[PDB]
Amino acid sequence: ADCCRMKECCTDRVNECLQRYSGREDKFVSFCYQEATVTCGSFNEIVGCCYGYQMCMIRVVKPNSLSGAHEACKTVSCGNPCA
């Protein structure tokens, strides 16, 4: 229904999901992103609920460093939601 609510939900669910993987969070970024786009919905299933956020998190997230990644990536641009 709304791309902006979708973003908010996407970043928050990814972060909450990644806190179940402590020590291993870098391995589960994509797992958590997939779960988040199912939960929050998306306008393109492949793109997901915020693509830019997934890329930022893949680049920044390192083991036992999750919070820093949340603060670094949460305001990043999502990019084209459609393609």
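Sequential numbering from 1, following the sequence displayed.
Colleague: Looking only at CA atoms, which has the higher mean B factor in the entry: 48-56 or 23-31?
Modeller: Taking the mean C-alpha B-factor of 48-56 and of 23-31, the larger value falls to 23-31.
Colleague: Quick check on the deposited entry: does the C-alpha B-factor of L66 sit in the lowest, middle or highest third of its chain?
Modeller: As the PDB entry reports it, the C-alpha B-factor of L66 lands in the highest third of its chain.
Colleague: Quick check for you: using the entry's CA B-factors within this chain, is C4 in the lowest, middle or highest third?
Modeller: Answer is middle: the recorded C-alpha B-factor places it there.
Colleague: Would you check the entry's CA temperature factor for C82 and let me know if it's in the chain's lowest, middle or highest third?
Modeller: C82: CA B-factor falls in the lowest third of its chain.
Colleague: Is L18 in the lowest, middle or highest third of its chain when residues are ranked by C-alpha B-factor?
Modeller: It falls in the middle third of the chain.
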